[PDB]
Each structure stands twice: as structure tokens, then as C-alpha cells.
Amino acid sequence: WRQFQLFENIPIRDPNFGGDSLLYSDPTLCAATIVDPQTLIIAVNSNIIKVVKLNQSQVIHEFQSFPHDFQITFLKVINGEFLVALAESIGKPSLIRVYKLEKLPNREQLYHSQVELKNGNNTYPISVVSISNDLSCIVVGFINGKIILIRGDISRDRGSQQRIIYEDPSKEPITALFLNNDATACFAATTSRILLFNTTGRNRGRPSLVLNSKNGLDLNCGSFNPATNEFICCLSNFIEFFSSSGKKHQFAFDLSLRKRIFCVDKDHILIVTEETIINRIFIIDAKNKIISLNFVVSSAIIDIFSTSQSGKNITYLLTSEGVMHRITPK
């Protein structure tokens, strides 16, 4: 595998680092998502949401979005129109709150729509979430192996129906969950199985396809490619590609130290590995079978997200010491 420098990595540390108005270097930051190359949304102080304009280094909106005893664990921007936030509090049902980006509220009781997620004694953390582009289909996976399917006209706040569609018999965590492009199926994995569920909720708690009956995925080792409608599965010794019909191809790769993967664009996969403890970041050109970028970061990765509004896909690596790496093709 030949290495080339076909992407540019520009590490940017929070310009407010060291002062009294921290942005994405806030040491309490628990979730982050990007709206466009100029706009970052973060969650700090357990349940405060802040809109950050990067080119100005300023918070332009902020509010408490959940009650005092809740912790935000996921933020997602859906279709450039909605902010979706999930928050948990042990022993209580988790909450999904949906907002309109253009009209964000100023206090915790105001939200466009809400989903309440019950799961047993509610001590089991959420592990994965996938949301369709119109918000009518949501899947949530948990550490005890439960998957909940939510359907309904949530974008206009007309209520939702919920259905448990999987309870892993061995109570293994759900480690990947991705809706396909028309959200008729959801790719899923545990640590020891790779699965597909149709999203009709008529499945008796059973998968529609067993994609890999012998191995699963570690956390963050699945990703999804919209351009090809494929589940990308990073195992220890190879990467597998699954379509909604079970169609399958793969290639060998030494991924013993894998921590995390991310679909960069149609052809490229970003791979995070652990090294002596630092993180090495590769980009693989799965089409031409080359390494297109290779660098290291000295800090844990909080999250990886993407923008496309500037004429190309930019990949952002948010680090836990307030450096955001911006990765751009040349």
C-alpha cells in the first residue's frame, strides 16, 4: 500500500483557548456537530447548547436544552434544517429533542418535538443513533443490545410510534447503526454479529439479513457511504462492504489497532488506529488501493464530522484538547 499526500490537514486550535469564553476547547464539551464550514454546534456544561461561528470565534446563540439532571450525549444536524439532541440520566427515560436551526429557543421547556425512550430500568446508556433525512425514521441502539425504532411525522410534531426491533440475546452492545438511503433498512452490529433490519417493524425482533454471523464490530468501526448506499465494516483483518441486498465485497488490511472509521466521500475511508498512546489517522482510497494521508494526533478524538457546502467534502477531527483538524482534498 503506497502512501501519498493527497489531502491537506490543517490543525486549528480553539482561538479562545486560555481565556474566559472557550469554544470547542471547553473541557466540559460532551458533544459537537457541524452545520456548515462556518458554524459549529457544541454541548457543554451537561445540557447547554452553543452555536459557534468559527470565522468569528464567537458564540451567537446558547440555551439550556434539557433539565438540570440530564447530560447531552449526541448532537446531530439533519438535512441542514434540524438540530437533534439526545440526553440521558441514569434510571430515567432518555430524551430526544428536535429543534429548527433557524429558530432555536432560549430556554429548556421549548422544543420543536420530543421522543421519550424507555429501556428497562433505564441504566443502560445509548450507544448509537441513526436518523433519516426527513426525521420520520429514527433508530437508537443501547449498551444492553436493544434497538428501538421510532416512526412518525416528527418534523411537523405529529407524534411518533415506537417499536423494539431487536434485543441481542447475549446482551452485547449495539456498536453500529446506520439507516440506508431511503431508510427502508438499518445496518447494525454487535461485537460479534453484523446485521440488517428492515424498518417496517414486523420482524418479531429478528434481523432481515445476517451479514456476518461469525464476527461483529467494535464501537465506531462501522460507517456508511451515501454515494454507494453501502455499510462499511472495519474488522481486525479486513474491511467489508455490504449493500441493503446483502451484496458483499472486501479487501485485506491490518487493522489490529483500529479505534474508529469514517466514510470521507465515495471512495475514501478515514481510519483511526492507536499507537505508542497516540492516534494515527489514515485515509485509504478504497478505489485505487492507496493511502492518501497519514498523520498522528497527540490526543483522544471526541468526534468526526463532515461538511460539503464549500465545493468539496471537508472532514473534521475534534480532539479532546481543543484542536480541530480540518482535512481537505487537494
# chains A, B, ... in the order shown; residues from 1 in each chain; ligands from 1
call {"tool": "closest_atom_pairs", "arguments": {"of": "region 232-315 of chain A", "to": "region 184-197 of chain A", "cutoff": "10 Å", "atoms": "only C-alpha atoms", "output": "CSV"}}
result
residue,atom,partner,partner_atom,distance
A:232,CA,A:187,CA,9.7
A:233,CA,A:194,CA,8.6
A:242,CA,A:187,CA,8.9
A:243,CA,A:187,CA,9.2
A:244,CA,A:185,CA,6.9
A:245,CA,A:196,CA,9.3
A:246,CA,A:196,CA,8.5
call {"tool": "write_last_selection", "arguments": {"atoms": "N, CA and C atoms", "output": "JSON list (two decimals), in the first residue's frame"}}
result
[["chain", "number", "residue", "atom", "x", "y", "z"],
["A", 232, "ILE", "N", -19.99, 0.17, 5.56],
["A", 232, "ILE", "CA", -18.56, -0.09, 5.63],
["A", 232, "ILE", "C", -18.24, -0.70, 6.99],
["A", 233, "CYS", "N", -17.61, -1.88, 6.98],
["A", 233, "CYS", "CA", -17.37, -2.64, 8.20],
["A", 233, "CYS", "C", -15.88, -2.92, 8.34],
["A", 242, "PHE", "N", -21.19, -3.92, 2.58],
["A", 242, "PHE", "CA", -22.48, -4.59, 2.46],
["A", 242, "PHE", "C", -23.51, -3.64, 1.87],
["A", 243, "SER", "N", -24.29, -4.13, 0.91],
["A", 243, "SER", "CA", -25.43, -3.39, 0.41],
["A", 243, "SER", "C", -26.70, -3.85, 1.13],
["A", 244, "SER", "N", -27.78, -3.09, 0.93],
["A", 244, "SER", "CA", -29.07, -3.47, 1.51],
["A", 244, "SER", "C", -29.51, -4.86, 1.08],
["A", 245, "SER", "N", -29.02, -5.36, -0.05],
["A", 245, "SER", "CA", -29.42, -6.69, -0.50],
["A", 245, "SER", "C", -28.48, -7.78, -0.01],
["A", 246, "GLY", "N", -27.53, -7.44, 0.85],
["A", 246, "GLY", "CA", -26.55, -8.40, 1.29],
["A", 246, "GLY", "C", -25.34, -8.53, 0.39]]
call {"tool": "residues_around", "arguments": {"residues": "residue 273 (chain A)", "least_positions_apart": "2", "cutoff": "12 Å", "atoms": "only C-alpha atoms", "output": "list in words"}}
result
residues 220, 221, 234, 236, 254, 255, 256, 257, 258, 259, 260, 261, 270, 271, 275, 276, 277, 278, 279, 280, 281, 282, 283, 294, 295, 296, 297, 300 and 301 of chain A
call {"tool": "write_last_selection", "arguments": {"atoms": "N, CA and C atoms", "output": "mmCIF file, in the first residue's frame"}}
result
data_model
loop_
_atom_site.group_PDB
_atom_site.id
_atom_site.type_symbol
_atom_site.label_atom_id
_atom_site.label_comp_id
_atom_site.auth_asym_id
_atom_site.auth_seq_id
_atom_site.Cartn_x
_atom_site.Cartn_y
_atom_site.Cartn_z
ATOM 1 N N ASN A 220 -17.692 2.396 16.820
ATOM 2 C CA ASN A 220 -17.208 3.335 15.806
ATOM 3 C C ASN A 220 -16.461 2.672 14.655
ATOM 4 N N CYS A 221 -16.542 1.352 14.505
ATOM 5 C CA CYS A 221 -15.840 0.676 13.428
ATOM 6 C C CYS A 221 -16.746 0.363 12.252
ATOM 7 N N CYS A 234 -15.269 -2.314 9.352
ATOM 8 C CA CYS A 234 -13.839 -2.455 9.606
ATOM 9 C C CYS A 234 -13.612 -3.533 10.675
ATOM 10 N N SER A 236 -10.870 -6.724 12.217
ATOM 11 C CA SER A 236 -9.464 -6.727 12.614
ATOM 12 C C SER A 236 -8.542 -6.951 11.418
ATOM 13 N N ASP A 254 -4.482 -4.566 7.646
ATOM 14 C CA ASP A 254 -4.012 -4.778 9.016
ATOM 15 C C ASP A 254 -4.616 -3.702 9.915
ATOM 16 N N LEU A 255 -5.748 -4.036 10.541
ATOM 17 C CA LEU A 255 -6.499 -3.123 11.393
ATOM 18 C C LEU A 255 -6.526 -3.573 12.854
ATOM 19 N N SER A 256 -5.438 -4.210 13.318
ATOM 20 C CA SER A 256 -5.365 -4.716 14.688
ATOM 21 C C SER A 256 -5.535 -3.605 15.707
ATOM 22 N N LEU A 257 -5.021 -2.420 15.396
ATOM 23 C CA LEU A 257 -5.032 -1.301 16.321
ATOM 24 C C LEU A 257 -6.193 -0.353 16.056
ATOM 25 N N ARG A 258 -7.183 -0.791 15.262
ATOM 26 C CA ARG A 258 -8.316 0.059 14.891
ATOM 27 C C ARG A 258 -8.982 0.640 16.129
ATOM 28 N N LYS A 259 -9.377 1.897 16.028
ATOM 29 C CA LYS A 259 -10.247 2.501 17.021
ATOM 30 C C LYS A 259 -11.541 3.012 16.433
ATOM 31 N N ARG A 260 -11.558 3.355 15.152
ATOM 32 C CA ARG A 260 -12.630 4.190 14.640
ATOM 33 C C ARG A 260 -12.457 4.332 13.133
ATOM 34 N N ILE A 261 -13.577 4.372 12.390
ATOM 35 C CA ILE A 261 -13.539 4.674 10.960
ATOM 36 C C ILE A 261 -14.594 5.726 10.623
ATOM 37 N N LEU A 270 -11.596 7.137 6.218
ATOM 38 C CA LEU A 270 -10.673 7.612 7.232
ATOM 39 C C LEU A 270 -10.612 6.581 8.346
ATOM 40 N N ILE A 271 -9.404 6.180 8.712
ATOM 41 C CA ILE A 271 -9.194 5.128 9.702
ATOM 42 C C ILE A 271 -8.351 5.689 10.836
ATOM 43 N N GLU A 275 -1.485 4.008 18.599
ATOM 44 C CA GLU A 275 -0.043 3.810 18.506
ATOM 45 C C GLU A 275 0.623 4.200 19.816
ATOM 46 N N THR A 276 1.781 3.594 20.084
ATOM 47 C CA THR A 276 2.636 4.032 21.186
ATOM 48 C C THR A 276 3.323 5.355 20.859
ATOM 49 N N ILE A 277 0.480 6.788 24.428
ATOM 50 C CA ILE A 277 -0.511 6.318 23.456
ATOM 51 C C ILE A 277 -1.084 7.462 22.608
ATOM 52 N N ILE A 278 -0.752 7.458 21.320
ATOM 53 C CA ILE A 278 -1.220 8.466 20.383
ATOM 54 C C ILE A 278 -2.151 7.803 19.367
ATOM 55 N N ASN A 279 -2.785 8.635 18.538
ATOM 56 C CA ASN A 279 -3.680 8.194 17.470
ATOM 57 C C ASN A 279 -3.075 8.504 16.108
ATOM 58 N N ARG A 280 -3.012 7.491 15.248
ATOM 59 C CA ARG A 280 -2.627 7.675 13.858
ATOM 60 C C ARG A 280 -3.876 7.727 12.975
ATOM 61 N N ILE A 281 -3.894 8.680 12.050
ATOM 62 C CA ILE A 281 -5.030 8.924 11.163
ATOM 63 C C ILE A 281 -4.595 8.612 9.735
ATOM 64 N N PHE A 282 -5.168 7.559 9.126
ATOM 65 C CA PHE A 282 -5.014 7.267 7.699
ATOM 66 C C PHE A 282 -6.262 7.656 6.921
ATOM 67 N N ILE A 283 -6.064 8.004 5.652
ATOM 68 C CA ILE A 283 -7.148 7.960 4.680
ATOM 69 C C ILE A 283 -6.782 6.958 3.593
ATOM 70 N N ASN A 294 -1.687 10.372 6.052
ATOM 71 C CA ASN A 294 -1.135 9.614 7.174
ATOM 72 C C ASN A 294 -0.478 10.614 8.124
ATOM 73 N N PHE A 295 -1.112 10.871 9.266
ATOM 74 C CA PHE A 295 -0.543 11.743 10.283
ATOM 75 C C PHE A 295 -1.005 11.263 11.652
ATOM 76 N N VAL A 296 -0.413 11.838 12.701
ATOM 77 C CA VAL A 296 -0.729 11.449 14.071
ATOM 78 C C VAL A 296 -1.245 12.664 14.827
ATOM 79 N N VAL A 297 -2.109 12.405 15.806
ATOM 80 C CA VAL A 297 -2.576 13.409 16.756
ATOM 81 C C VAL A 297 -2.302 12.895 18.158
ATOM 82 N N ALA A 300 -7.022 12.249 22.368
ATOM 83 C CA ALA A 300 -8.200 11.456 22.017
ATOM 84 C C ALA A 300 -9.143 12.236 21.106
ATOM 85 N N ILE A 301 -9.818 11.515 20.222
ATOM 86 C CA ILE A 301 -10.785 12.112 19.314
ATOM 87 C C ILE A 301 -12.170 12.147 19.955
#
call {"tool": "residues_around", "arguments": {"residues": "residue 206 (chain A)", "least_positions_apart": "6", "cutoff": "9 Å", "atoms": "only C-alpha atoms", "output": "list in words"}}
result
residues 165, 166, 167 and 197 of chain A
call {"tool": "atom_distance", "arguments": {"atom1": "CA of residue 211 (chain A)", "atom2": "CA of residue 225 (chain A)"}}
result
16.6 Å
call {"tool": "closest_residue", "arguments": {"among": "A:29, A:147, A:86, A:115", "to": "residue 72 (chain A)", "atoms": "only C-alpha atoms"}}
result
A:86
call {"tool": "residues_around", "arguments": {"residues": "residue 57 (chain A)", "least_positions_apart": "5", "cutoff": "10 Å", "atoms": "only C-alpha atoms", "output": "number ranges by chain"}}
result
A: 14-16, 21-24, 38-39, 52
call {"tool": "write_last_selection", "arguments": {"atoms": "C-alpha atoms", "output": "JSON list (two decimals), in the first residue's frame"}}
result
[["chain", "number", "residue", "atom", "x", "y", "z"],
["A", 14, "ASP", "CA", -9.81, 26.97, 19.58],
["A", 15, "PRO", "CA", -8.84, 30.63, 19.13],
["A", 16, "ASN", "CA", -10.31, 31.34, 22.58],
["A", 21, "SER", "CA", -15.05, 32.30, 26.63],
["A", 22, "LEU", "CA", -13.98, 28.83, 25.50],
["A", 23, "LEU", "CA", -15.44, 27.34, 22.35],
["A", 24, "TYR", "CA", -14.66, 23.79, 21.23],
["A", 38, "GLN", "CA", -18.56, 28.42, 9.33],
["A", 39, "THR", "CA", -20.90, 27.03, 12.01],
["A", 52, "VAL", "CA", -20.31, 28.86, 17.35]]
call {"tool": "select_by_dssp", "arguments": {"residues": "region 117-306 of chain A", "states": "strand (DSSP E or B)", "output": "number ranges by chain"}}
result
A: 117, 126-131, 137-142, 146-152, 160-167, 176-179, 185-189, 194-198, 209-212, 222-225, 230-234, 238-243, 248-252, 258-263, 268-275, 278-285, 290-297, 301-306
call {"tool": "atom_distance", "arguments": {"atom1": "CA of residue 117 (chain A)", "atom2": "CA of residue 170 (chain A)"}}
result
21.5 Å
call {"tool": "residues_around", "arguments": {"residues": "residue 62 (chain A)", "least_positions_apart": "6", "cutoff": "8 Å", "atoms": "only C-alpha atoms", "output": "number ranges by chain"}}
result
A: 48-51, 106
call {"tool": "write_last_selection", "arguments": {"atoms": "N, CA and C atoms", "output": "mmCIF file, in the first residue's frame"}}
result
data_model
loop_
_atom_site.group_PDB
_atom_site.id
_atom_site.type_symbol
_atom_site.label_atom_id
_atom_site.label_comp_id
_atom_site.auth_asym_id
_atom_site.auth_seq_id
_atom_site.Cartn_x
_atom_site.Cartn_y
_atom_site.Cartn_z
ATOM 1 N N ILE A 48 -26.091 22.536 28.016
ATOM 2 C CA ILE A 48 -26.129 23.814 27.315
ATOM 3 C C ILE A 48 -25.702 23.591 25.868
ATOM 4 N N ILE A 49 -26.477 24.115 24.930
ATOM 5 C CA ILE A 49 -26.150 24.043 23.507
ATOM 6 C C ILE A 49 -25.652 25.412 23.057
ATOM 7 N N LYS A 50 -24.546 25.443 22.315
ATOM 8 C CA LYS A 50 -23.966 26.704 21.865
ATOM 9 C C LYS A 50 -23.709 26.641 20.369
ATOM 10 N N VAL A 51 -24.176 27.660 19.646
ATOM 11 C CA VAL A 51 -23.864 27.826 18.234
ATOM 12 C C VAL A 51 -22.617 28.692 18.133
ATOM 13 N N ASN A 106 -34.729 29.784 23.618
ATOM 14 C CA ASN A 106 -33.888 30.387 24.649
ATOM 15 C C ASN A 106 -34.049 29.741 26.021
#
call {"tool": "select_by_dssp", "arguments": {"residues": "region 49-208 of chain A", "states": "helix (DSSP H, G or I)", "output": "ChimeraX atom specification"}}
result
/A:54-56,154-156
call {"tool": "closest_residue", "arguments": {"among": "A:226, A:247, A:113, A:63", "to": "residue 210 (chain A)", "atoms": "only C-alpha atoms"}}
result
A:247
call {"tool": "atom_distance", "arguments": {"atom1": "CA of residue 120 (chain A)", "atom2": "CA of residue 215 (chain A)"}}
result
27.0 Å
call {"tool": "closest_residue", "arguments": {"among": "A:34, A:44, A:138, A:302", "to": "residue 318 (chain A)", "atoms": "only C-alpha atoms"}}
result
A:302
call {"tool": "closest_residue", "arguments": {"among": "A:1, A:289, A:129, A:323", "to": "residue 73 (chain A)", "atoms": "only C-alpha atoms"}}
result
A:129
call {"tool": "residues_around", "arguments": {"residues": "residue 28 (chain A)", "least_positions_apart": "5", "cutoff": "10 Å", "atoms": "only C-alpha atoms", "output": "ChimeraX atom specification"}}
result
/A:43-46,320
call {"tool": "write_last_selection", "arguments": {"atoms": "N, CA and C atoms", "output": "mmCIF file, in the first residue's frame"}}
result
data_model
loop_
_atom_site.group_PDB
_atom_site.id
_atom_site.type_symbol
_atom_site.label_atom_id
_atom_site.label_comp_id
_atom_site.auth_asym_id
_atom_site.auth_seq_id
_atom_site.Cartn_x
_atom_site.Cartn_y
_atom_site.Cartn_z
ATOM 1 N N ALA A 43 -22.121 21.077 22.805
ATOM 2 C CA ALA A 43 -22.843 20.865 24.049
ATOM 3 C C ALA A 43 -21.812 20.884 25.161
ATOM 4 N N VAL A 44 -22.001 21.785 26.126
ATOM 5 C CA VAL A 44 -21.109 21.952 27.267
ATOM 6 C C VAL A 44 -21.963 22.034 28.525
ATOM 7 N N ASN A 45 -21.301 21.941 29.682
ATOM 8 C CA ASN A 45 -21.971 22.118 30.976
ATOM 9 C C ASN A 45 -23.166 21.178 31.128
ATOM 10 N N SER A 46 -23.012 19.934 30.659
ATOM 11 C CA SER A 46 -24.045 18.895 30.737
ATOM 12 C C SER A 46 -25.186 19.112 29.748
ATOM 13 N N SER A 320 -9.655 16.108 21.980
ATOM 14 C CA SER A 320 -10.147 16.405 23.317
ATOM 15 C C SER A 320 -9.382 17.537 24.004
#
call {"tool": "residues_around", "arguments": {"residues": "residue 33 (chain A)", "least_positions_apart": "5", "cutoff": "9 Å", "atoms": "only C-alpha atoms", "output": "JSON, numbers by chain"}}
result
{"A": [40, 41, 42, 74, 75, 76, 77, 303, 304, 305, 306]}
call {"tool": "closest_residue", "arguments": {"among": "A:84, A:140, A:99, A:37", "to": "residue 313 (chain A)", "atoms": "only C-alpha atoms"}}
result
A:37
call {"tool": "closest_residue", "arguments": {"among": "A:284, A:90, A:314, A:217", "to": "residue 329 (chain A)", "atoms": "only C-alpha atoms"}}
result
A:314
